[PDB]
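Below is one structure, written out as C-alpha coordinates; the observations come after it.
Proteins come first, then strands; the chains are lettered A, B, ... in the order of their sequence lines, and each starts at number 1. Computation of the quantities below employed the complete heavy-atom set of this structure, encompassing side-chain atoms and omitting hydrogens, waters and symmetry-equivalent molecules.
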Amino acid sequence: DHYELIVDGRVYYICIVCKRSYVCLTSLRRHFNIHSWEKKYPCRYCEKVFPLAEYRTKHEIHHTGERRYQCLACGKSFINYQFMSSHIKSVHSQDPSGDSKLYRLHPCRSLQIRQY
DNA sequence: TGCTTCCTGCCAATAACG
DNA sequence: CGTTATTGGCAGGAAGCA
Ligand SMILES: [Cl-]
Ligand SMILES: [Zn+2]
Ligand SMILES: [Zn+2]
Ligand SMILES: [Zn+2]
(Lines give C-alpha, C1' and ligand atoms only; values in the text may rest on other atoms or scores of the structure.)
(Ligands and ions follow the chains in the order given, each with its own letter.)
Protein backbone atom coordinates (compact mmCIF):
# COMPACT_ATOMS: atom_id res chain seq x y z
CA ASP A 1 0.00 0.00 0.00
CA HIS A 2 2.97 2.25 0.77
CA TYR A 3 6.64 1.69 1.60
CA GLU A 4 8.85 3.39 4.19
CA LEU A 5 12.02 5.26 3.43
CA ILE A 6 14.29 6.13 6.34
CA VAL A 7 17.06 8.72 6.08
CA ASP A 8 18.93 10.10 9.10
CA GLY A 9 16.44 8.43 11.41
CA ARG A 10 13.50 10.31 9.86
CA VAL A 11 10.69 8.10 8.56
CA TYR A 12 9.05 8.89 5.21
CA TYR A 13 5.97 7.21 3.81
CA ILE A 14 6.01 6.74 0.05
CA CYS A 15 2.93 6.21 -2.10
CA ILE A 16 3.24 3.03 -4.18
CA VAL A 17 1.46 4.48 -7.19
CA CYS A 18 2.84 8.02 -7.66
CA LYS A 19 5.86 7.83 -5.28
CA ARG A 20 4.85 10.97 -3.30
CA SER A 21 6.47 11.24 0.14
CA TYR A 22 4.64 11.96 3.38
CA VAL A 23 5.84 12.60 6.91
CA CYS A 24 2.73 11.13 8.49
CA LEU A 25 0.79 8.01 7.59
CA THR A 26 -2.52 9.88 7.86
CA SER A 27 -1.54 12.10 4.93
CA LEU A 28 -0.45 9.10 2.87
CA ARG A 29 -3.85 7.51 3.53
CA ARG A 30 -5.81 10.70 2.84
CA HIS A 31 -3.85 11.09 -0.39
CA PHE A 32 -4.27 7.51 -1.60
CA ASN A 33 -8.03 7.84 -2.12
CA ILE A 34 -7.11 9.79 -5.26
CA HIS A 35 -5.79 6.50 -6.65
CA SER A 36 -8.33 4.07 -5.20
CA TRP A 37 -11.58 6.09 -4.98
CA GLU A 38 -12.52 3.82 -2.08
CA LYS A 39 -14.43 6.79 -0.69
CA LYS A 40 -16.43 9.19 -2.81
CA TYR A 41 -17.19 12.78 -1.75
CA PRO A 42 -20.04 13.99 -3.97
CA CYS A 43 -21.14 17.67 -3.97
CA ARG A 44 -24.54 17.92 -2.28
CA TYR A 45 -25.63 20.60 -4.82
CA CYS A 46 -24.32 19.38 -8.16
CA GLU A 47 -22.93 16.30 -9.90
CA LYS A 48 -19.25 16.81 -9.05
CA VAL A 49 -17.41 14.24 -6.95
CA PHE A 50 -14.20 14.73 -4.95
CA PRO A 51 -11.39 12.40 -3.69
CA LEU A 52 -10.96 14.37 -0.42
CA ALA A 53 -13.70 15.56 1.95
CA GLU A 54 -12.08 18.97 2.35
CA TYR A 55 -12.06 19.55 -1.43
CA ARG A 56 -15.79 18.91 -1.47
CA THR A 57 -16.39 21.34 1.41
CA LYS A 58 -14.48 24.24 -0.18
CA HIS A 59 -16.47 23.58 -3.33
CA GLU A 60 -19.82 23.51 -1.52
CA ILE A 61 -19.04 26.85 0.08
CA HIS A 62 -18.83 28.21 -3.48
CA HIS A 63 -22.41 27.10 -4.09
CA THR A 64 -23.75 28.97 -1.08
CA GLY A 65 -21.80 32.19 -1.64
CA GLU A 66 -20.96 32.60 2.05
CA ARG A 67 -18.01 34.96 2.77
CA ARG A 68 -16.26 33.68 5.90
CA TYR A 69 -13.03 35.64 5.56
CA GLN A 70 -13.14 39.26 6.70
CA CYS A 71 -10.46 41.94 6.38
CA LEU A 72 -10.10 43.65 9.74
CA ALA A 73 -8.67 46.82 8.22
CA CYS A 74 -11.73 47.71 6.09
CA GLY A 75 -14.39 45.08 6.80
CA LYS A 76 -14.57 43.66 3.26
CA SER A 77 -15.32 39.92 3.21
CA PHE A 78 -14.08 37.14 0.92
CA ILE A 79 -15.04 33.57 0.06
CA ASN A 80 -11.57 32.11 0.76
CA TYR A 81 -8.08 32.65 2.15
CA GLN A 82 -6.59 33.42 -1.25
CA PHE A 83 -8.96 36.33 -2.07
CA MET A 84 -8.55 37.65 1.45
CA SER A 85 -4.72 37.51 1.37
CA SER A 86 -4.55 39.06 -2.08
CA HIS A 87 -6.72 41.94 -0.89
CA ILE A 88 -4.73 42.59 2.26
CA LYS A 89 -1.42 42.38 0.37
CA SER A 90 -2.49 44.69 -2.47
CA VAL A 91 -4.78 47.21 -0.76
CA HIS A 92 -3.27 47.35 2.73
CA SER A 93 0.36 46.35 1.90
CA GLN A 94 0.43 43.77 4.71
CA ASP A 95 0.91 40.01 4.98
CA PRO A 96 -1.74 38.11 6.96
CA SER A 97 0.77 35.26 7.52
CA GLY A 98 2.94 37.75 9.44
CA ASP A 99 3.08 38.26 13.20
CA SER A 100 -0.15 40.32 13.16
CA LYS A 101 -3.71 38.98 12.85
CA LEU A 102 -5.31 40.96 10.04
CA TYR A 103 -8.39 38.89 9.30
CA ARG A 104 -11.19 37.04 11.00
CA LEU A 105 -12.40 33.62 9.89
CA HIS A 106 -16.12 33.41 10.70
CA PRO A 107 -17.70 30.05 11.55
CA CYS A 108 -19.29 28.28 8.60
CA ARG A 109 -23.03 28.99 8.85
CA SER A 110 -24.30 28.29 5.31
CA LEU A 111 -23.77 24.58 5.81
CA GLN A 112 -23.10 21.93 8.42
CA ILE A 113 -19.45 21.25 9.32
CA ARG A 114 -17.60 20.60 12.60
CA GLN A 115 -16.68 23.81 14.44
CA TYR A 116 -14.30 25.38 16.98
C1' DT B 1 0.15 37.17 -14.81
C1' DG B 2 -3.81 36.74 -11.98
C1' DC B 3 -7.25 34.06 -10.54
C1' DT B 4 -8.62 28.93 -9.26
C1' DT B 5 -7.81 24.73 -7.33
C1' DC B 6 -4.65 21.58 -5.14
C1' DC B 7 -1.71 20.00 -1.56
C1' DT B 8 0.02 18.33 3.14
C1' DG B 9 1.64 19.03 8.22
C1' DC B 10 -0.84 19.66 12.13
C1' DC B 11 -4.22 18.36 15.50
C1' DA B 12 -9.15 19.40 17.44
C1' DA B 13 -13.46 17.22 16.74
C1' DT B 14 -15.74 13.07 15.86
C1' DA B 15 -16.18 8.32 15.71
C1' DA B 16 -15.13 3.47 16.41
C1' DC B 17 -14.10 0.23 19.77
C1' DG B 18 -15.33 -2.53 23.43
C1' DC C 1 -18.69 5.54 28.59
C1' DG C 2 -13.31 5.65 29.06
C1' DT C 3 -9.79 4.50 25.66
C1' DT C 4 -8.35 4.46 21.00
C1' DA C 5 -8.74 5.47 16.00
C1' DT C 6 -10.18 8.30 12.25
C1' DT C 7 -11.81 12.42 9.98
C1' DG C 8 -11.13 16.60 7.87
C1' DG C 9 -10.74 21.95 8.71
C1' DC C 10 -7.13 25.20 8.37
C1' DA C 11 -3.02 27.81 6.54
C1' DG C 12 -0.59 29.36 3.05
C1' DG C 13 2.62 28.04 -0.65
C1' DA C 14 2.28 25.17 -5.20
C1' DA C 15 0.61 23.89 -9.10
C1' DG C 16 -2.82 24.47 -12.63
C1' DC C 17 -5.29 26.79 -15.64
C1' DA C 18 -6.18 30.54 -19.56
CL1 LIG D 1 -21.64 35.74 4.42
ZN1 LIG E 1 -0.06 8.51 -4.83
ZN1 LIG F 1 -21.20 21.35 -6.68
ZN1 LIG G 1 -9.30 45.48 3.66
I'd like to check [X] versus [Y] (side-chain heavy atoms, cut-off strictly below 4.5 Å). Are they in contact?
{"X": "A:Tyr41", "Y": "A:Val49", "result": "no"}
{"X": "A:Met84", "Y": "A:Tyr81", "result": "yes"}
{"X": "A:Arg10", "Y": "A:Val23", "result": "no"}
{"X": "A:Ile34", "Y": "A:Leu52", "result": "yes"}
{"X": "A:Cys71", "Y": "A:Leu102", "result": "no"}
{"X": "A:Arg56", "Y": "A:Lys48", "result": "no"}
{"X": "A:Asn80", "Y": "A:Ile61", "result": "no"}
{"X": "A:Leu105", "Y": "A:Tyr69", "result": "yes"}

Would you call the rings of A:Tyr22 and A:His31 parallel, tilted or perpendicular if under 30° counts as parallel and over 60° as perpendicular? tilted
Contacts of A:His62 meeting ring-ring contact (aromatic ring centres under 6.0 Å, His included) (sequence neighbours excluded), chain-then-number -> none
Contacted region of DNA chain B by chain A, from 5' end to 3' end of the hits, cut-off under 4.0 Å to heavy atoms, spans B:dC3 to B:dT14
Boundaries of the DNA chain C segment in contact with chain A, non-hydrogen, under 4.0 Å: C:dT7 to C:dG13
Would you jot down, in residue-number order, the residues of residues 10-25 of chain A having a non-hydrogen atom under 4.0 Å from DNA chain C? none
Check DNA chain C against residues 28-47 of chain A and give the residues with a non-hydrogen atom under 4.0 Å, in numerical order. A:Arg30, A:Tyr41
Nearest heavy atom decides the nucleotide; on that basis, is A:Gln115 or A:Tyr55 closer to the 5' end of DNA chain B? A:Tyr55
Taking for each residue the nucleotide of DNA chain B with the nearest heavy atom, is it A:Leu52 or A:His62 whose nucleotide lies nearer the 5' end? A:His62
Could you check whether A:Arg68 gets within reach of a base, just the sugar-phosphate, or nothing at all, counting any heavy atom under 4.0 Å? sugar-phosphate
Using a cut-off of strictly less than 4.0 Å between a heavy atom of the residue and any atom of DNA chain B, enumerate the qualifying residues of residues 81-111 of chain A by number. A:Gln82, A:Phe83
Whether A:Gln115 side chain and A:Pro107 backbone form a donor-acceptor pair below 3.5 Å: no
Can you check whether A:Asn33's main-chain N or O pairs, donor with acceptor, with A:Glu38's side chain at less than 3.5 Å? no
When rounded to the nearest 0.5 angstrom, what distance separates CZ in A:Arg44 from OG1 in A:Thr57? 8.0 Å
Evaluate whether atom CD of A:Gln112 has more than 12 neighbouring non-hydrogen atoms of other residues, nucleotides or ligands under 6.0 angstrom away. no
Assess whether atom CZ of A:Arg109 is packed by more than 12 heavy atoms of other residues, nucleotides or ligands within 6.0 Å. no
